[PDB]
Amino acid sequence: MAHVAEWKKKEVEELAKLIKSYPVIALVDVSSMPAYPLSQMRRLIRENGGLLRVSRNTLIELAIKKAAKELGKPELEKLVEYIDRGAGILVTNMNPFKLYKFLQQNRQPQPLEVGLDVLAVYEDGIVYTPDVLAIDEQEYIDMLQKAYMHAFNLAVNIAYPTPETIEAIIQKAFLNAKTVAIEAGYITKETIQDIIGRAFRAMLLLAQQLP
């Protein structure tokens, strides 16, 4: 049915129910995609729990669905309706972060690549901007390892003993005692060899004063 309308609150009516049907509502930029590549993107989105709709002003009407319920996803109490020219609306059960990654990694469809750029994503009271959605995975991995090391270092240093820390605690206390004893030149079975090494090197250096 495309001989004519284009009808308002037949198209916006349908889009209405649609937005109310899915937990995750994104605005995407479709302008970079030729018709067939976009068609392939639509198929992919369908196979992954969602769908894409293209329209213009009747898309603005995130308002009628927001009104028909309780939120702040619309025009009204929202931010800066991230809509642009040739924005489409993509409704999905995919988590907003998953959606963003999905769209980034599926430019499908010679080595030219094109896709859908996310403008903003609404879920349960919050609008997610691309800067929030764009996760630095290595940063999270690094921070996780840093936090683990902080806990390990703290526990060892205070001698809080756990299977993870007990051997390092024993070795640290021993190394502390051995290092202090060698520095003080105090003779034990455990320190005599490093001490003789110091004394031998002192002899070697001292001998260097001879002509």
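We number the residues from 1 along the sequence you see.
In terms of unmodelled positions of the deposited sequence, the stretch from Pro109 to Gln110 in this entry skips 10 or more residues. As recorded in the PDB entry, 54-62 is the stretch of 54-62 and 34-42 with the greater mean C-alpha temperature factor. Across the two stretches, 65-73 and 156-164, the PDB entry reports the greater mean Cα temperature factor for 65-73.
Out of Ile141, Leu116, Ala134, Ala120, it is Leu116 whose C-alpha atom has the highest B-factor in the PDB entry. Which of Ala199, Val12, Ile25, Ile192 has the largest Cα B-factor in the deposited entry comes down to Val12.
When all modelled residues of the chain are sorted by CA temperature factor, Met1 is found within the highest third. The deposited CA B-factor of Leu210 belongs to the highest third of values across its chain.
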